[PDB]
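Trainee: Counting with our numbering, you get residues 51 to 227 for the letters of the sequence shown. This structure is in structure tokens; I'll ask about it shortly.
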Amino acid sequence: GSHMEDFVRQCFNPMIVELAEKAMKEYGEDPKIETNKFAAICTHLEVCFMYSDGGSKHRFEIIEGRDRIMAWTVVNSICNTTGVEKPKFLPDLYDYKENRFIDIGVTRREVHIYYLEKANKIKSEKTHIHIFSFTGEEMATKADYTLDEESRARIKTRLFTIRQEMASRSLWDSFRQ
Ligand SMILES: *S(=O)(=O)OC[C@H]1O[C@@H](n2ccc(N)nc2=O)[C@H](O)[C@@H]1OP(=O)(O)OC[C@H]1O[C@@H](n2cnc3c(N)ncnc32)[C@H](O)[C@@H]1O
């Protein structure tokens, strides 16, 4: 029974927590053991939902937060109706305005380290990458940030608030691992 686990459950909304638990069990991981991974997964989910809230009404197809099988079905429907090429790793959204997948990442290192890692890893050239850090930095493919500045600013503010809440509990150092 860890502090981090109880922190996560009071820090994130129950819908987010439930999705994160589902996602971990589906990969055979235990939220009560891998408590830093639990916190990171909830964080990534909340950022993706906040990001999809920034678009105009029908701008995005949300991929993240679905069962893995259904998430790939929807990806397949998108590729088959748009011609866009199928990503090799599951992206988080599809942008119907810019006609591209978005892979969103949240990092405790300099943004460009994780940006570069994701770039090399998906190697699916056309997929848009957008990284946020817990210190207010962001980095996106082609310097095209997709959303208006306010919708990105509120994501940065929420991430620093998560960081402060962990630090106030002496949990930030082992999370930033
Ligand atoms: S998410 O898309 O918001 O990702 C959040 C964190 O998960 C890491 N990640 C993502 C995808 C894949 N395939 N692997 C993966 O490791 C990602 O790097 C994000 O972590 P941070 O960049 O904030 O770093 C946190 C600490 O975790 C350790 N770490 C991360 N990645 C590592 C790899 N590949 N090898 C070894 N250790 C790794 C570091 O201690 C890091 O400071």
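Every residue, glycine too, gets a C-beta built ideally from N, C-alpha and C.
#1: In the DSSP assignment, the alpha helix (DSSP H) including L95 goes from what residue to what residue?
#2: Listed in chain order, which residues are found with a beta carbon closer than 6 Å to a heavy atom of ligand 1?
#3: Assuming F184 and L209 are in contact, meaning their beta carbons sit under 8 Å apart, how far apart are those beta carbons, in whole angstroms?
#4: In whole angstroms, what is the alpha-carbon distance linking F139 and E215?
#5: Quick check on the DSSP output: what are the complete alpha helix (DSSP H) runs of length 4 or more inside the stretch 127 to 204, in order along the chain?
#6: Specify, as a first and last residue, the run of the beta strand (DSSP E) that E111 falls within.
#7: What is the C-beta distance between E188 and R202, in whole angstroms, given that I count them as a contact (C-beta under 8 Å)?
#8: Using only the alpha-carbon positions, how far apart do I66 and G133 sit?
#9: Determine the direct distance from the alpha carbon of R226 to that of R158, and round the result to whole angstroms.
#10: DSSP three-state label for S224, please.
#11: Pull up the distance between the alpha-carbon of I181 and that of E71, whole angstroms please.
#12: Whole angstroms is fine: what's the gap from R109's alpha carbon to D145's?
#13: Would the beta-carbon of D153 fall within 7 Å of that of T191?
Mentor: Judging by the given coordinates:
#1: Counting from 1 along the sequence shown, the entry for residue 95 is found at position 45. In the DSSP assignment, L95 falls within the unbroken alpha helix (DSSP H) covering 85 to 103.
#2: Listed by chain position, these are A90, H94, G155, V156, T157, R158, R159, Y164, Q227.
#3: For the purposes of this step, residue 184 is taken as residue 134 along the sequence shown, with counting starting at 1. For the purposes of this step, residue 209 is taken as residue 159 along the sequence shown, with counting starting at 1. Indeed, because the Cβ distance is near 5 Å, the residues count as touching under 8 Å.
#4: Within the sequence shown, numbered from 1, the residue matching residue 139 stands at position 89. Within the sequence shown, numbered from 1, the residue matching residue 215 stands at position 165. Approximately 31 Å, taken between the alpha carbons.
#5: DSSP runs (the alpha helix (DSSP H)) wholly in the stretch 127 to 204: 161 to 172.
#6: In the sequence shown, residue 111 corresponds to position 61, counting from 1. Judged by DSSP secondary structure, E111 falls within the beta strand (DSSP E) whose first and last residues are 110 to 112.
#7: The residue given as residue 188 occupies position 138 in the sequence shown. The residue given as residue 202 occupies position 152 in the sequence shown. About 6 Å; that satisfies the 8 Å criterion.
#8: Stepping through the sequence shown from its first residue, residue 66 is reached at position 16. Stepping through the sequence shown from its first residue, residue 133 is reached at position 83. One alpha carbon belongs to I66, the other to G133, and they sit about 32 Å apart.
#9: Numbered from 1 along the sequence shown, position 108 holds the residue referred to as residue 158. Numbered from 1 along the sequence shown, position 176 holds the residue referred to as residue 226. Taking the straight line joining both Cα atoms gives about 6 Å.
#10: Residue 224 sits at position 174 when you count from the first residue of the sequence shown. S224 falls in the helix class under three-state DSSP.
#11: In the sequence shown, counting from the first residue as 1, residue 181 sits at position 131. In the sequence shown, counting from the first residue as 1, residue 71 sits at position 21. For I181 and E71, the distance between alpha carbons rounds to 23 Å.
#12: Numbered from 1 along the sequence shown, position 59 holds the residue referred to as residue 109. Numbered from 1 along the sequence shown, position 95 holds the residue referred to as residue 145. So the two alpha carbons sit approximately 6 Å from each other.
#13: Residue 153 sits at position 103 when you count from the first residue of the sequence shown. Residue 191 sits at position 141 when you count from the first residue of the sequence shown. Taking the C-beta atoms as reference points, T191 is found no nearer than 7 Å to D153.
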